[PDB]
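In the block that follows, a single chain appears as structure tokens, in the form deposited in one PDB entry.
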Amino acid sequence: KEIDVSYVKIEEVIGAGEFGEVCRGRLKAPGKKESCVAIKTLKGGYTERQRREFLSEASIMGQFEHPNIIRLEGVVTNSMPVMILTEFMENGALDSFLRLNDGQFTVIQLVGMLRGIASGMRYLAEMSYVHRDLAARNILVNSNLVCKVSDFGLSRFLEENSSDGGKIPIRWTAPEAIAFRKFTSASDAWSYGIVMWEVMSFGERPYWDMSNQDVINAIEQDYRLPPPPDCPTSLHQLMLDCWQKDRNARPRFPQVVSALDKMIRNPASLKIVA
């Protein structure tokens, strides 16, 4: 959806993205009430391939409609700067949000966040969309603490292309996906387990100061991240289920959502901690 630039008012720069700024603004179109939007801008000094790469995130987002997937409002392409407009998520990225609020949300709140993420992924998997970069930094959070999946793009990672998407995010990535570049919804399930750990650790870095190769070797040698402080054992076990070496043994997203919904219904089960 092409958005007339006169409909857009940019209010403040709130972030930086790969190709330029991220801003908060307002969108007002004839016949509709004004709404708050995030705006990614792409200014001069870019190649056409880069412009197409930029806008591809819009194309992809525009293919989806789900309350736990960032909603596209439109694009500005017939003037400068080139812009992508989405719904505005007041609390930004989940990892930084949790770090800011370390220890200040209950287990049930955190499980609700995880459920929202899992429902977003359930939807993507149903649509045969493999995310490939599922990580707490790519989950955005609104004023009601609703979590939505962001970061959409289909570019092969640097390792998949010519000898001579960015690099594979090793700490989030399933071992078969690192080794063979086989990215499936089941490798996304591995990543989801990492996101669970991030959330229950209030945004600690997965594997602390281990090197990428240290992480690769540890996982091959049966190491798995331990339960975060005060983490319910049932959640840690769901993480371990997500981190099965055999991708076919991992829960699919409908099962993940089901598991989390049961926890929510039976919050006594979450009292058991190591």
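Position 1 is the first residue in the sequence shown; the rest follow in order. Here the rigid core means the biggest group of C-alpha atoms that line up within 1.5 Å when the two forms are laid on top of each other.
A second form of this protein, the form deposited in another entry, is not displayed here; the remarks below concern that form.
For residue 33, the Cα coordinates differ by 2 angstroms or more between the shown form and the other one after the core has been superposed.
When the rigid core is held fixed, the Cα atom of residue 264 travels less than 2 angstroms between the shown form and the other one.
Annotation: Cα of residue 17 displaced by at least 2 Å between the shown form and the other one, core superposition.
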